[PDB]
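Read the structure below first, then the notes.
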Protein chains: 2
Amino acid sequence: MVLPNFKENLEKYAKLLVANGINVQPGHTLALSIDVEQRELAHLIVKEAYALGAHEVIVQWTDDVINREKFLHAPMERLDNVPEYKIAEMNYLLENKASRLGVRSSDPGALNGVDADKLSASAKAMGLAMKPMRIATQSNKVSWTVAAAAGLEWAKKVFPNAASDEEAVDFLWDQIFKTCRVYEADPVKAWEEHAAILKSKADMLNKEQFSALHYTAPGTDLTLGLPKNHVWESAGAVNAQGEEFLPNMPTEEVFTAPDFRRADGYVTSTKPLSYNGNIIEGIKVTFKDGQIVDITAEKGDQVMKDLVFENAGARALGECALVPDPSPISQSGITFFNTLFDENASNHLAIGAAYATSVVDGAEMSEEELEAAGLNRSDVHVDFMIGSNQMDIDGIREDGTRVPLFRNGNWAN
Amino acid sequence: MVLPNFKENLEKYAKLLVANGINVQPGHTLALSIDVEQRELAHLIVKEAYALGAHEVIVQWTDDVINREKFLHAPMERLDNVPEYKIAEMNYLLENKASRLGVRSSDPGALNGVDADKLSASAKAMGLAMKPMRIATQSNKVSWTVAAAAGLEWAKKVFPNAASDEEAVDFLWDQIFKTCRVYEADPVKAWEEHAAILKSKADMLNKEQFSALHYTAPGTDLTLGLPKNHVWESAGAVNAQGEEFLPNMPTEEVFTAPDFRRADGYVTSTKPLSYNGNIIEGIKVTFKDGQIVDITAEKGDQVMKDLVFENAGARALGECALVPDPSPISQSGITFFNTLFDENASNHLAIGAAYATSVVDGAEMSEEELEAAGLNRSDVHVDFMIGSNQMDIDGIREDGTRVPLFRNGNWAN
Ligand SMILES: [Zn+2]
Ligand SMILES: [Zn+2]
Ligand SMILES: [Zn+2]
Ligand SMILES: [Zn+2]
């Protein structure tokens, strides 16, 4: 009743993810990563990928229940290293220049109750093992896309007051479809014009080349430097083959990397965060000389401290992203407990790695150059959100001039 | 409605699969193959495996719709070889001595309009690539179990007289639960009673040590030599580590290997066969001096020839199994289009590999020794059903005496 024409819209969504998200070309290999619960969507994705000429789709199926049992019951020795066959699966994808479509539908609290040290050692072992792919991906060597599907446990958390499970799920798909423009009569046109409006804010920032940004809101007073020759990006990338693609659907942000060596001040998080299958609440961070010097959370405090102080590069920032508080996901009043959505509802920062493309010619830079360019290197990249309708930001020019950028959570003018 | 207490019985089934099918032990690795459509059962299986002390469950998810798309649309070079990463995965299972629980719920006609040459090439290359696994399982190096779950497309073919798709699946679940003794107050004891009965029979044929078997029925007059020191087996097996396990659930057969060098005459199949995701009908096979000299089918003729002429050892048999016509599955009158079910409703023969345990001490024999002893070495093993209410079978003794074994499809004297 809340979601009429479901099957048709779902097929319309699948088509979008494949034609416009990844942009499948003849001869391509597609890796789809997706939850078993979402087989219906997976079938539609795979059909469309072959209809557009893919030579091969490989589906890597995930499942929260089974992943939780592994974490809960396997010994550390199965959890703290990556077996060779998984590395060999990754290399086959790399070898084939596989596009990577990731459809997220997991329970935000999927791994609640798992020992802290196993989540942490598994994420470290994987972050190190999967690095070649992250590197290839963070530099648009292949098309990649992150998108969502309405998992049942996720939907119950997003809408705890739903009249029933089905209603919770309908409401989530409805948000997915609306933010991905699936209801538009011409979604491609609509995506093109959404893209244009963000691209023009990004161009305006690329021209200013601010030296730093200063954020202010209650619980927040933070100054972040920006690298020399940084690129603000949004909605739309071009891969190392001339092909256009959408890295995130939905998306409402314009973003770049700060200079990882320059951060002072403090910041209060305004959204929860799902990290390692746990929900983290009430995060606060203090920065000094470019480094995290204290990190705290009302729930999940130990998860954050372990993120930050036990992975290299994680005491520094790799992304700063702007989203107007009046934009549609922020305005829906929904908290998603999910990074792809909540990050497109609110300004956000990332702990850990900078995308290579956040600096000019960054996609052909070595790790050494990227680092010297002021772009943080890390095996983790963990977005947390800091915007609100009370937030002001100024851009700071090279001569210290303060330019209003955001006022009360929206572009200043 | 036609099915009592689904959730509880499904749970009881999964425990049964893990405890008595595979017999999971502390420290074991388990590999589960299961369709994504059966996630509810998979969650139950995985939970009990860890409850029983597994160190790791690795789930190999399978999906008919996506496999068909691949076969319909991928080019030959993605279908006629097995990527190194699948072989790495298999080797990781072998090195860890993984148990193998295969839950089948596949559509019998899953791959219906796929090019025959693609089916044949993909099966041949898999048969070659998976050889070290086939070998280890057929000589009980690890526990393994093949069992079933009620897939929708399968259930529709099985019960076209069903009021609905949902009721079709229900009737299939009811057969699965029925024949695996899930409805009994003590299924373990029911399974021990069942195994004890079939073991009586196999023990008695093992005393006989017939020289050959002679089958007669309307499309069948086939004589098959039996190896020196053959062993007739049924129900339970025992693995290299001393643990009891059940290879097949359900099961109703007693079986051994014929001598692959001794076969003469012709035989007609009596149930359809699902092979390479195609339904095969009206198979006739002609043997001369141990070898298939011609194989036809009214439907799927080419698929059968490709099986027999393209794979190593596929011109000889490696199994002959007996199941009385009045036995429960056969008596139900239902045609499953499914080997695990149909072969346990009817005498059958397997094209390809003999189990090492079909000759005394075969578990300990080199491949060379197995072949010297008269057990067929092959990269495939494919059962087809030949039994009916009119089949006669004589045992031939070493002094030339014909001893009735079956008359009109049943054990007889
Ligand atoms: Zn971002
Ligand atoms: Zn980010
Ligand atoms: Zn058999
Ligand atoms: Zn067999």
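Ordering of the structure tokens sets the chain letters (A, B, ...), residue numbers begin anew at 1 in every chain, and ligands are numbered from 1 in the order given.
For chain B, the residues close to chain A, meaning within 6 Å and counting only C-alpha atoms, are residues 36, 55, 56, 74, 85, 88 and 89 of chain B.
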Tell me, as a list in words, which residues lie within 9 Å of residue 225 of chain A, counting only C-alpha atoms; anything in the same chain fewer than 2 positions away does not count. residues 210, 211, 212, 213, 214, 223, 227, 258, 259, 260, 261, 262, 263, 290 and 396 of chain A
Taking the backbone alone, and naming residues the way the document does, which bits of segment 238-384 of chain B are helix (DSSP H, G or I) by DSSP, as a VMD selection string? chain B and resid 301 to 310 328 to 331 339 to 345 356 to 358 362 to 364 367 to 372
Pick out the residues sitting within 7 Å of residue 106 of chain A, and hand them over as a list in words; count only C-alpha atoms, and ignore anything fewer than 4 positions along from it in its own chain. residues 64, 110, 151 and 154 of chain A
Residues as selected, C-alpha atoms, written as an mmCIF file, in the first residue's frame, can you do that?
data_model
loop_
_atom_site.group_PDB
_atom_site.id
_atom_site.type_symbol
_atom_site.label_atom_id
_atom_site.label_comp_id
_atom_site.auth_asym_id
_atom_site.auth_seq_id
_atom_site.Cartn_x
_atom_site.Cartn_y
_atom_site.Cartn_z
ATOM 1 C CA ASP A 64 24.768 -11.507 8.452
ATOM 2 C CA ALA A 110 24.853 -7.453 12.891
ATOM 3 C CA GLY A 151 17.351 -5.715 4.477
ATOM 4 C CA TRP A 154 18.173 -2.913 8.894
#
To check your reading of the model: which residues sit at most 12 Å from ligand 4 when counting only C-alpha atoms and all ligand atoms? Write the answer as a PyMOL selection string. chain B and resi 138+146+233-234+247-248+251+253-257+317-322+339-344+347-355+358+380-385
Find the residues around residue 13 of chain A up to 9 Å (only C-alpha atoms counted), leave out those fewer than 6 positions away in its own chain, and share them as a PyMOL selection string. chain A and resi 41+45+177+180-182
From a DSSP calculation on the backbone, collect every residue of segment 143-177 of chain A in strand (DSSP E) and output the set as a ChimeraX atom specification. /A:144-148
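Every protein or nucleic acid residue with an atom no more than 12 Å from residue 121 of chain B, counting only C-alpha atoms and leaving out same-chain residues fewer than 6 positions away, appears here: residues 71, 75, 76, 77, 78, 79, 80, 81, 82, 114, 115, 127, 128, 276, 303, 306, 307, 309, 310 and 311 of chain B.
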How would the residues just chosen look if you wrote them out with N, CA, C and O atoms as a compact mmCIF listing (two decimals), in the first residue's frame?
# COMPACT_ATOMS: atom_id res chain seq x y z
N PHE B 71 25.56 -19.42 -18.21
CA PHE B 71 25.62 -20.37 -19.30
C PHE B 71 24.93 -19.82 -20.59
O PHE B 71 25.39 -20.10 -21.68
N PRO B 75 30.82 -16.14 -22.57
CA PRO B 75 31.33 -16.89 -23.71
C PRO B 75 32.04 -18.16 -23.26
O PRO B 75 32.55 -18.25 -22.12
N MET B 76 32.11 -19.12 -24.18
CA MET B 76 32.83 -20.35 -23.97
C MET B 76 34.09 -20.23 -23.13
O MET B 76 34.35 -21.09 -22.27
N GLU B 77 34.92 -19.21 -23.35
CA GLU B 77 36.18 -19.17 -22.58
C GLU B 77 35.95 -18.90 -21.09
O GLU B 77 36.85 -19.09 -20.27
N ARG B 78 34.75 -18.47 -20.70
CA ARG B 78 34.49 -18.37 -19.24
C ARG B 78 33.86 -19.69 -18.75
O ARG B 78 33.69 -19.91 -17.54
N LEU B 79 33.47 -20.57 -19.67
CA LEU B 79 32.73 -21.76 -19.23
C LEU B 79 33.54 -23.10 -19.25
O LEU B 79 33.22 -24.05 -18.53
N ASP B 80 34.57 -23.16 -20.10
CA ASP B 80 35.32 -24.39 -20.39
C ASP B 80 36.58 -24.55 -19.56
O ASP B 80 37.44 -25.36 -19.89
N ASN B 81 36.72 -23.82 -18.47
CA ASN B 81 37.91 -23.98 -17.60
C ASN B 81 37.54 -23.50 -16.22
O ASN B 81 36.57 -22.77 -16.06
N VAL B 82 38.33 -23.87 -15.23
CA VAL B 82 38.00 -23.51 -13.86
C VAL B 82 39.10 -22.56 -13.32
O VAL B 82 40.26 -22.94 -13.32
N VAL B 114 20.41 -24.23 -22.77
CA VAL B 114 21.83 -23.93 -22.90
C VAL B 114 22.47 -24.82 -23.94
O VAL B 114 22.08 -25.98 -24.08
N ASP B 115 23.44 -24.28 -24.70
CA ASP B 115 24.13 -25.02 -25.75
C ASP B 115 24.74 -26.23 -25.14
O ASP B 115 25.46 -26.07 -24.16
N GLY B 127 35.02 -31.69 -13.75
CA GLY B 127 35.36 -33.05 -13.39
C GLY B 127 36.86 -33.16 -13.22
O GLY B 127 37.33 -33.73 -12.26
N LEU B 128 37.62 -32.56 -14.14
CA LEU B 128 39.10 -32.54 -14.03
C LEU B 128 39.61 -31.74 -12.85
O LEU B 128 40.42 -32.21 -12.05
N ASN B 276 23.27 -32.23 -15.76
CA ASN B 276 23.69 -30.92 -16.34
C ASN B 276 22.55 -29.95 -16.47
O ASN B 276 22.41 -29.27 -17.51
N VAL B 303 23.38 -34.53 -24.81
CA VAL B 303 23.88 -34.36 -23.45
C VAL B 303 24.41 -35.70 -22.88
O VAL B 303 25.49 -35.74 -22.31
N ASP B 306 27.65 -36.72 -24.73
CA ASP B 306 28.78 -35.90 -24.28
C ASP B 306 29.29 -36.37 -22.93
O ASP B 306 30.51 -36.37 -22.69
N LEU B 307 28.36 -36.72 -22.02
CA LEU B 307 28.78 -37.26 -20.74
C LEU B 307 29.72 -38.46 -20.99
O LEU B 307 30.83 -38.50 -20.52
N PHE B 309 31.13 -39.95 -23.80
CA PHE B 309 32.34 -39.90 -24.65
C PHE B 309 33.39 -38.81 -24.42
O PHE B 309 34.40 -38.84 -25.07
N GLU B 310 33.17 -37.85 -23.51
CA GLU B 310 34.10 -36.74 -23.37
C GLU B 310 34.82 -36.78 -22.04
O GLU B 310 35.80 -36.08 -21.86
N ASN B 311 34.30 -37.58 -21.10
CA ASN B 311 34.92 -37.63 -19.79
C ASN B 311 35.64 -38.96 -19.53
O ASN B 311 35.17 -40.05 -19.93
